[PDB]
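Structural overview for review
Chain by chain, the residues:
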There are 2 protein chains.
Amino acid sequence: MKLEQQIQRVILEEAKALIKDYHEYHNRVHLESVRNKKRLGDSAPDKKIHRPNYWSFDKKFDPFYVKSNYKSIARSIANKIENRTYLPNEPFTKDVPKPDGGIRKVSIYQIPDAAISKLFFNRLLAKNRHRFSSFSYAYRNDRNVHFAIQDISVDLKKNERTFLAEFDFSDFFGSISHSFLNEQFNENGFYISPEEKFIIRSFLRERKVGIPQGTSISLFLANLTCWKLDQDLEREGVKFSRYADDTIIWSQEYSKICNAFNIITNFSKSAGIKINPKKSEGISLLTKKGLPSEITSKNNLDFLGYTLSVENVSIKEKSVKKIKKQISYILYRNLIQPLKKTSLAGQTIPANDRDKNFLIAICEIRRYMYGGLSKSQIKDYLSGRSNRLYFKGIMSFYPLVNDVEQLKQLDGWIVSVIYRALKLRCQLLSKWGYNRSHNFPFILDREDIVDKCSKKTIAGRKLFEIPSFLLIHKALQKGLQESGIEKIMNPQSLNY
Amino acid sequence: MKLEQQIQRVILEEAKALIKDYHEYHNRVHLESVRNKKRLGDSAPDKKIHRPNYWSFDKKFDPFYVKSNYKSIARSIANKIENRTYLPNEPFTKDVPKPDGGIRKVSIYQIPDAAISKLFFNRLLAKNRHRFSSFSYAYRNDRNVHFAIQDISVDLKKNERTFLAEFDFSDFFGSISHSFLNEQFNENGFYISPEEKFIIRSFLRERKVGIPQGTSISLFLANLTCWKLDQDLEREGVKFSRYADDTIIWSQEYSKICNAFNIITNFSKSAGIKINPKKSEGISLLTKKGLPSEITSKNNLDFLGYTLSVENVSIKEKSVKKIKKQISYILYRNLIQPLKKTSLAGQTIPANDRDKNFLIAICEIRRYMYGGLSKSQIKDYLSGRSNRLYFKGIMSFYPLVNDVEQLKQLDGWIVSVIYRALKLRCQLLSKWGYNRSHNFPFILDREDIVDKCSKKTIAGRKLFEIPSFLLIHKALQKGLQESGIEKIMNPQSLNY
RNA sequence: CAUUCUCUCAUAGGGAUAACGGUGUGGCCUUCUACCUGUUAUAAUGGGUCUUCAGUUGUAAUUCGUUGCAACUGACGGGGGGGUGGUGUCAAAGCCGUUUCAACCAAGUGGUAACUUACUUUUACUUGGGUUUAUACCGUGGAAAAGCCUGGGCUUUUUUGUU
RNA sequence: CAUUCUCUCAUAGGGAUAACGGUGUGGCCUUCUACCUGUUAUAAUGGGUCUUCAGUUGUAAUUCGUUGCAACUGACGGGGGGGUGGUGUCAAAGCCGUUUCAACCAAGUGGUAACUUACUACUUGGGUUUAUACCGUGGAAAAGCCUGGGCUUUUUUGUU
DNA sequence: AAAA
DNA sequence: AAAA
Ligand SMILES: Nc1ncnc2c1ncn2[C@H]1C[C@H](O)[C@@H](COP(=O)(O)OP(=O)(O)OP(=O)(O)O)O1
Ligand SMILES: Nc1ncnc2c1ncn2[C@H]1C[C@H](O)[C@@H](COP(=O)(O)OP(=O)(O)OP(=O)(O)O)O1
Ligand SMILES: [Mg+2]
Ligand SMILES: [Mg+2]
Ligand SMILES: [Mg+2]
Ligand SMILES: [Mg+2]
């Protein structure tokens, strides 16, 4: 019957997706193990395949078991739903690390219950997304974080003095009152069928306050919870952009922003979600770099991996530190770490001006940021010689960055760190009894690294060119002007 | 070539759609001719197949010719586009009747140019719809008039006294300055590639002011033109809803609505689209039925076939008159009009309490409003006995009507008109020499028509039941609750 | 000037091809209808019944938000013109009847009929999806007849292929 | 406790099952290119070159928005510590060099190392099959334990 | 998920 | 197209 077929399809698709993910995981683990043995030699550890721990907690957690008998599970689920007796099995909750705020309580529901929640979340979103505020970029399938950043950037660039108000909700998911939620079902012209309402209440039955964490239906519940707040902020005339609990409000008038503060306070008192004074920065005044300000002032704001100023959009400083950590660790892992072991048995010592480890490190760096694109391909796309270019790297997560200066500094940092890591590798090789300072990768000065590396050619391709952020940024700008926000983050589903 | 394949696909799809429409048209004409001959007897006119006149104006207008050689057309179009020399051919402009405002000039572009406009409109909308205001419901794949009506109804029901202003632009499409349009291309973070910009300018080259009327790129340009107006209205805090030129702005404060008037005036002065004094009602005050008012007051407002009051949503009076005209003409055509001819040769005369013409008229009426649904099916859906119901009738164009009293009056009108038309048919039959007043369809009183017609059964089905608006309205409400607005009018596209 | 296939100097021009595309009805599969009752060895099949909403009562749960069940009550087919009765008041209005006229707009017009391949125009749609017997459509093929020009061509009917 | 197929009392329980699912590389088709130069009867293949942005100049169209073309100019790889020189000043700051240290965080810490299956969102344009090879389960061999057949560990084969 |  |  209709519901049972839908549940069958959803459960089968979810189980097959999980199985494909596991197979990719173990295949790439084997491949990386082969590469690691080619890297550390005799000191390389053995391949270790981890099945997820909770698969042993219950059979329905296992994708393989669910795929084994999914028709029976779907039949039983449909029968229980039609009898109004269905209740999701309790999830496996683990302490996901949140050192910024202590610890966070995540939950992994069983595959059938997670599939049911996903299906009903899809239905509810489909029939109700026209009622959600257009500034609700939280989750959804029509709104992205990048749309919010574009909106904020354009509006900030329009004027010169803006009043900000950044607020976070302390444990937003875990402190939603159930009375408020049940009162919200008959408001704003929401269309929730009795089956969907019963399912929603079923997912809230175990707890007495707040919505479960880590399941799809909670996303729709969170979006629906902040509808009166969104309407009030809109009718105040302030501009805002909410993403889950993270909210940023900016207006040109102090009175409007004070009223927005009062509105959020009233909404919190109505729904029981208090604001943590720590993460909430309060009311500020976003000016230009050197404009005098009469109240508390800041020259830039941070919003979901972007540091937004009046003039330009730039990568968040913490995200820049993450990028630096990843690149530096790639260099250390492929250049220095193998040489710090007790023995170098089974390792290929660079010779004849052929350091394969340097080539591997450069290729992996290019994969990290470009995604494997050569400079020739990017330049061809920029010139218009070609029309196809795929964007999947660290930059595809920040398509709207227009801060060329920050990317210039990042490129300089990359070159300098490459030079210093090469110097350390040469020193370690000398300490190990190999003089290689006159060979190709080590004899290069910092100034001449980029030029000589670009000139270098292997197998008819330039695999040694040092990747640059500015080039991929130019490609990103052209791709935005020809494809659109959707295409840039098309593969990269902003799940953060 | 990527562009040429896209153009080929679009042109082929458009031509095939037009060919399918034509074949449906002539098959339907033949079937209706057979039925008409079975109705009018020897006085029935002969079948007349009309190919559209403009197909002879140029071969590219003909879907058959385009489908003949579409690869060549697409190749030439792509070559001309990439040479920046492409220019759409002159459309066929005809005087579509607009007696409300005199006449209107619509344009039918050639199939290749129309296909190119549709393709580039799809692209531009896809990469820019996230910048359009959520309150613009015209020419979108995510918005439609019913979302606007739902929003207006909910907001009106929230309060009791609302200040609203209604404005129509005198000639929205034909009086848009091209300087303003070309200035709008670099605003609001719009992503328009140089190719799309060139195409847009190509479609505007023939005229010196205003956008064409009959293409899709004109629809996108109309949406893009009113972006500053939408942003200004949103920043004022007024809640508005725009559908093409028809704009409705309602707020709880007089000052906000006066500022909205000033904003629209400034936008008109900036874009050259002067408002229409006759069509624009100006600033009013929407109260309840008997609440005293201090300024010009109205109890209900009209917006795209809906008459919206504070309490309930009802069909527009002109649309109700259209429904009455259609139903009454169905009755007159199947009952009275054949009997007004000079001779009754070849016409079946009712006998043995079997009026096939009455059955045909009732079935056609049911097709008009229900779409062919029996009362049993609708009652089964309402009870929950069944889960599948299809909504395609006159009611599917007004899914949000919650005025049960108006539908009750319409049902009474239907029954009374059926009774009176049957009486006239009996009188005409008597005048023609046939006494049938004692037979089934005519002996019925007005009170007993519905009951006995429901009891009547032919071929194991109740094809004689008089259709009722209230039942299909209940089905519409349940369908809105279960499936949502998009699915209810999914087949019944109410766009324009 | 095949609406089919193909070629190219490719939004145009050649070639050969007689099918190309589409409709109503029916069969098969696939869901999708509670109950009652016809006919057969228990399944087809035929004839019927009900489904909704609101309130109250009682009842069973509820994680107390809410929900199910049972019984009653109520709602569930317009308006206008004319005649007339009862009720209502001091007299009315009003309310409740009953009779008569009508295709609708028209509860209207200075006036009142027509129309659906219509009308205007924000304005307008037809059966749940595939699978093939018979019916049959647009245009193009051919076979016949006719009526014109020329001495083969044009036009009109019929037939056949698509079928 | 096949992750395969099938049955049902169907979010659980049976049956037989030897394949099931997936990865890297290659081939093939189909696109995503300009230019110069190697080799062959004119096409493959090998090796190189450039592509961007802004301004100015002049030119050609423009439906006056703008666009094209040509030539120049300019931009196009961070920061910190130490030494040192020149410039700058009344003296400085500052600016311009040059030299040296460092894997990154670190322009930092009370202190400086480690780490990627980590910590707290991604890996090559899409299908099509030679060889490589993975998870889990069957098999066949060996071994090491219990029992007198079972358990555990390795090797081989089917997927392949 | 609209032009024409 | 949307989370564990
Ligand atoms: N990566 C994540 N994926 C999904 N949900 C997340 C993630 N991180 C946090 N959440 C949850 C926790 C919150 O309910 C909400 C995001 O809020 P967050 O900014 O983490 O602060 P918080 O609500 O935990 O506040 P506090 O730390 O003060 O309790 O979604
Ligand atoms: N049926 C239609 N199809 C396409 N465009 C239309 C249609 N009707 C109107 N338009 C155009 C005209 C306007 O620019 C806009 C809609 O305007 P509309 O509300 O019909 O009034 P209008 O602006 O034409 O007033 P007027 O009749 O006085 O000229 O789209
Ligand atoms: Mg928070
Ligand atoms: Mg108008
Ligand atoms: Mg009348
Ligand atoms: Mg350091």
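When its secondary structure is counted, chain A shows 18 helices and 10 strands. For chain A, the spread of C-alpha atoms along the principal axes amounts to about 75 × 65 × 45 Å. Contacts spanning at least 24 positions in sequence make up 71% of the contacts within chain A whose residues lie at least 6 apart.

This paragraph deals with the coordination of the magnesium ion (ligand 3). Bound to the magnesium ion (ligand 3) are the protein donor atoms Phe169 of chain A (N), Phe169 of chain A (O) and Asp245 of chain A (OD), situated 1.9 to 2.1 Å from the metal. Here the residue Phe169 of chain A occupies a position in the loop between β3 (162-167) and α6 (178-184), and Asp245 of chain A occupies one in the loop between β4 (239-243) and β5 (246-251), the gap between them amounting to 76 residues.

In the vicinity of RNA strand D there are 86 residues, among which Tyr332, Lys340, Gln427 and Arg446 of chain A together with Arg205 of chain B approach most closely. Of what RNA strand D places within 4 Å of the protein, 47% of the atoms are sugar or phosphate. The contact in question runs from a base nitrogen of RNA strand D to an N or O atom on the side chain of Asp380 of chain A, over 2.9 Å. At a separation of 3.0 Å, a base oxygen of RNA strand D approaches a polar side-chain atom of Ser416 of chain A. For the surface near RNA strand D, the secondary-structure elements that each account for two or more residues are α1 (2-40), α2 (63-68), α3 (70-82), α11 (317-336), α12 (356-369), α13 (375-383) and α14 (404-431) of chain A. Split by residue class, the surface near RNA strand D holds 27 nonpolar, 29 polar and 30 charged.

What follows is about the site of ligand 1. All names here are of chain A. For ligand 1, the set of nearby residues contains 13 residues, the closest of which are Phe169, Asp171, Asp245, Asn276 and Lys279. Here an oxygen atom of ligand 1 sits 2.9 Å away from a polar atom, N or O, in the side chain of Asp245. Burial of ligand 1 by the protein amounts to 74% of the accessible area it has alone, namely 590 Å². Residue composition of the shell around ligand 1, grouped by class: four nonpolar, three polar and six charged.

With that settled, consider the site of ligand 2. All names here are of chain B. Lining the immediate surroundings of ligand 2 are 13 residues, of which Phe169, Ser170, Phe173, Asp245 and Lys279 lie closest. Between ligand 2 and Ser170 there is a distance of 3.0 Å, counted from an oxygen atom to a backbone nitrogen or oxygen. A distance of 3.3 Å is found between an oxygen atom of ligand 2 and a side-chain nitrogen or oxygen belonging to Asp246. Relative to its unbound accessible area of 590 Å², ligand 2 is 79% covered by the protein chains. Residues of the shell around ligand 2, tallied by class, amount to four nonpolar, three polar and six charged.

Moving on, we get to the relation of the copies chain B and chain A. When chain B is fitted to chain A, the residual RMSD is 0.3 Å, and the transformation amounts to a turn of 180 degrees plus an axial shift of 0.0 Å. Taken together, these values place the two copies in the relation of a two-fold axis. Relative to the rotation axis, the closest C-alpha in chain B is found at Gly237 of chain B, a distance of 2.1 Å. Both copies contact each other with a shared surface, as 97% of the interface residues of chain B are interface residues in chain A too.

Moving on, we get to the UniProt feature "binding site: Mg(2+)" (unreviewed entry) in chain A. Residue and element names in this part refer to chain A. In the numbering adopted here, UniProt assigns the feature "binding site: Mg(2+)" (unreviewed entry) to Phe169 and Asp245. The largest pairwise C-alpha distance within this set of annotated residues, which runs over 77 residues, is 5.5 Å, so the set is compact in three dimensions. In this structure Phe169 touches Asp245, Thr247, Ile264, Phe267, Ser268, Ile273, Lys274, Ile275 and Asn276, once residues within four positions along its chain are discounted. Those residues in contact with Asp245 that lie beyond four places of it in its chain are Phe167, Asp168, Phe169 and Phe172.

With that settled, the discussion passes to the interface of chain B and chain A. Tallying the contact residues gives 39 residues for chain B and 40 residues for chain A. With both chains or domains summed, chain B and chain A bury close to 3000 Å², and 45% of this area falls on carbon and sulfur atoms. Among the residues chain B hides against chain A, the three largest losses belong to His130, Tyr191 and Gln481 of chain B. Together they make up 20% of the total. Taken together, the connections running from chain B to chain A amount to three salt bridges.

Moving on, we come to the pairing of strand β8 (residues 300-303) of chain A. All names here are of chain A. Alternating positions in β8 separate cleanly, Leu301 and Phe303 being buried on one face and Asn300 and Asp302 remaining unburied on the opposite face. In terms of strand pairing, β8 meets strand β9 (residues 306-309) through four bridges, oriented antiparallel. Bridge pairing links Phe303 to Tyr306 in β9. Hairpin geometry of β8 and β9 is characterised by an intervening segment of two residues between the two adjacent antiparallel strands and by a positive phi of about 60 degrees at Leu304.

This next bit is on helix α9 (residues 228-236) of chain B. One turn of an α-helix holds 3.6 residues; hence residues three or four places apart share an orientation. Here α9 of chain B has its buried residues at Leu229, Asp230, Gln231, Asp232 and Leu233 of chain B. Buried residues along α9 of chain B sit against α5 (145-158) and β4 of chain A together with β4 (239-243), β5 (246-251) and α10 (254-271) of chain B. Following α9 of chain B by one or two positions, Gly237 of chain B has its phi on the positive side, about 90 degrees.

With that settled, consider the packing of aromatic side chains. Residues and elements named next belong to chain A. The tally for this structure, following the rule as stated, stands at 48 aromatic pairs over all chains. Taken together, a centroid distance of 5.5 Å and an interplanar angle of 35 degrees make the contact between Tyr54 and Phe92 tilted. Taken together, the positions of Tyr54 in the loop between α1 and α2 and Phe92 in strand β1 (residues 92-97) put the pair 38 residues apart, joining distant regions of the chain. An identical accessibility class is assigned to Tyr54 and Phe92; each is buried. An angle of 80 degrees between the planes, with centres 5.9 Å apart, marks the rings of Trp55 and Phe64 as edge-to-face.

Before going further, it helps to examine the packing of helix α4 (residues 111-128) of chain A against helix α7 (residues 194-203) of chain A. All names here are of chain A. Closest axis-to-axis distance for the α4/α7 pair is 11 Å, and the angle between their directions is 135 degrees. In terms of orientation, α4 and α7 fall into the oblique class. In terms of crossing hand, the pair formed by α4 and α7 is left-handed. Here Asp113, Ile116, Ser117, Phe120, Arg123, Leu124 and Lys127 of α4 come into contact with α7, specifically with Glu195, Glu196, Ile199, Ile200 and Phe203. The class makeup of the residues in the contact of α4 with α7 is six nonpolar, one polar and five charged.

For the rest of this paragraph, the subject is the nonpolar core. Of all hydrophobic cores here, the largest spans 141 residues; its most connected members are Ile7, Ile81 and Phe469 of chain B. The leading source of residues in this core is helix α14 (residues 404-431) of chain B, at 11 residues. Excluding its chain neighbours within four sequence positions, the residues that come into contact with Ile81 of chain B are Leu3, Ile7, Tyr86, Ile116, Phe120, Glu195, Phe198 and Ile199 of chain B. In this structure, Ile81, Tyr137, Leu301 and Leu428 of chain A belong to the second largest nonpolar core, which totals 140 residues.

Let's shift gears to the protein's contact with DNA strand F. Residue and element names in this part refer to chain A. Around DNA strand F, 14 residues are found, and the nearest of them are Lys118, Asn144, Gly214, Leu494 and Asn495. When atoms of DNA strand F within 4 Å of the protein are split into backbone and base, the sugar-phosphate part holds 26%. Between DNA strand F and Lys118, the relevant distance is 2.9 Å, taken from a phosphate oxygen to a side-chain nitrogen or oxygen of the residue. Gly214 is positioned with one of its backbone polar atoms (N or O) 2.7 Å from a phosphate oxygen of DNA strand F. Secondary-structure elements contributing two or more residues to the surface near DNA strand F are β2 (103-108) and α4. A breakdown of the residues in the surface near DNA strand F according to their chemical character gives five nonpolar, five polar and four charged.

About the cut-offs
- Residues numbered from 1 in each chain as written, not as in the entry; some residues may be left out.
- Chains lettered and ligands numbered in written order.
- Part of a larger assembly, values for the part shown.
- Heavy atoms only, no water.
- Residues with missing side-chain atoms left out of burial classes, pairs and counts.
- Helix = DSSP H or I, 4+ residues; strand = E, 2+ residues; numbered from the N terminus.
- Contact = heavy atoms within 4.5 Å.
- Donors = N, O, S within 2.8 Å, 3.2 Å for Na, K, Ca; no water.
- Near = heavy atom within 4 Å.
- Polar contact = N/O pair within 3.5 Å; in protein donor to acceptor, adjacent residues only side chain to side chain.
- Nonpolar A, V, L, I, M, F, W, Y, C, P; charged D, E, K, R; others polar.
- Areas by Shrake-Rupley, 256 points an atom, 1.4 Å probe, with all protein chains shown as cover.
- Least-squares fit on C-alpha atoms.
- UniProt positions renumbered as here; feature names shortened; annotations may be inferred.
- Buried area = accessible area lost by both parts, 1.4 Å probe.
- Salt bridge = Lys/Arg side-chain N within 4 Å of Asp/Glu carboxyl O.
- Buried < 20%, exposed > 50% of the residue type's maximum accessible area, 1.4 Å probe, protein only.
- Pairing = 2+ DSSP bridges.
- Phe/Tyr/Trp six-rings, centres within 6.5 Å; stacked < 30°, edge-to-face > 60°.
- Axes fitted to C-alpha atoms, helices over the stretch in contact; angles between N-to-C directions.
- Parallel < 35°, antiparallel > 145°, perpendicular 65-115°, else oblique.
- Left-handed = near helix turned anticlockwise from the far one by under 90°.
- Core = buried A, V, L, I, M, F, W, Y, C linked by side-chain atoms within 4.5 Å.

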